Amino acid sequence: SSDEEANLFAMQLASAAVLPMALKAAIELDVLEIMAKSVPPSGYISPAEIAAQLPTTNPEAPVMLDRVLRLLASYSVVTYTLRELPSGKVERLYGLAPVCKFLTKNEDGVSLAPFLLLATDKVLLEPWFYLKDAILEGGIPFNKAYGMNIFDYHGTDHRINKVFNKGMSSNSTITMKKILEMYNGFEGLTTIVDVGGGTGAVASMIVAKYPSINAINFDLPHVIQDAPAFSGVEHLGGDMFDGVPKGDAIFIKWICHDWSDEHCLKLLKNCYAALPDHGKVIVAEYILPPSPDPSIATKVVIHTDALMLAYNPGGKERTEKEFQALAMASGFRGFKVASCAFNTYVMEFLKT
């Protein structure tokens, strides 16, 4: 009677992978860009007209698209309306929902679509089959699936390396654009370094904003190899646990959550060493809320903890106090919560 409601929830959980994978298909097919591009504002189009812009002849593609688009419409990833024919046949039409703004290329050409592709990638789904073992036997699920850690593995699978760095790059641009309009911590620096900065998108944004500043974008060689040339950006291949380039300030975004506290200590000590006396580590990370609340912002940080649990070299999301404890543990004397964009807080560990 509501036993009914528990049963259905159970059914929904079971098949819940359908939504991401289906959406993954729609993005791969470019079926959102196609909508953004053809459609009147607040207007929507039909699966038949969408199919017409696909490289296909498959009398079935309209029907298949309609079925996909329906599922996304029930979860508000796309809008919809029903148009009843005199016979009573109902035609469905779909439009752009607010989330589409971030799943279709913006002015600048950026979205979160590549990130979705990363997080739905075939490579990242294997690890889940090993989580049960990892809880029993110790180890890390990714390491059990493949013969190595994630980043090593990135240095062997060139497809996933490009998908990962693009995924990271897209996400970070959207966010750094926002951090850069509120946070002022990069003021009065001559050298900035980005430790684990990927293909250097974040560094290029820092320099575009403060031309005087010399960026060093630092990451693993297989990542650096795939880095565009940026005016003001020196790329450097290296390993952060062996040391880190010298600069007035250091930036780590999405680095600490990848590793154990013991690894962050090592990194952080390396950062302390690499800094002048009044220098600092700018830390860009999610912050774990104090409870399992149902909000989107919270499910996101919690989702990523789980990601980290499956792909981890001992990664985890952390509270503010935990970050404070990492700062203290590594010789930092001051701590600042300076801003936040899309669940990414910007913390400063100061050595004052």
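For every residue, the number given is its place in the sequence shown, counted from 1.
- Higher average CA B factor: 196-204, of the stretches 93-101 and 196-204.
- Averaged over their C-alpha atoms, the temperature factors of 218-226 and 118-126 are higher for 218-226.
- Residues shown: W259, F241, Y75, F164. Highest C-alpha temperature factor in the entry: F241.
- For the set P40, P292, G315, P47, the PDB entry assigns the largest Cα B-factor to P40.
- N149: CA B factor in the highest third of modelled residues in this chain (values from the PDB entry).
- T79: CA B factor lies in the lowest third for its chain, per the PDB record.
- Annotation for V281: CA B-factor lies in the middle third of the chain's modelled residues.
- Sorting the modelled residues of the chain by their CA temperature factor places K269 in the middle third.
- Per the deposited record, the Cα B-factor of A26 falls in the lowest third when ranked against the other modelled residues of its chain.
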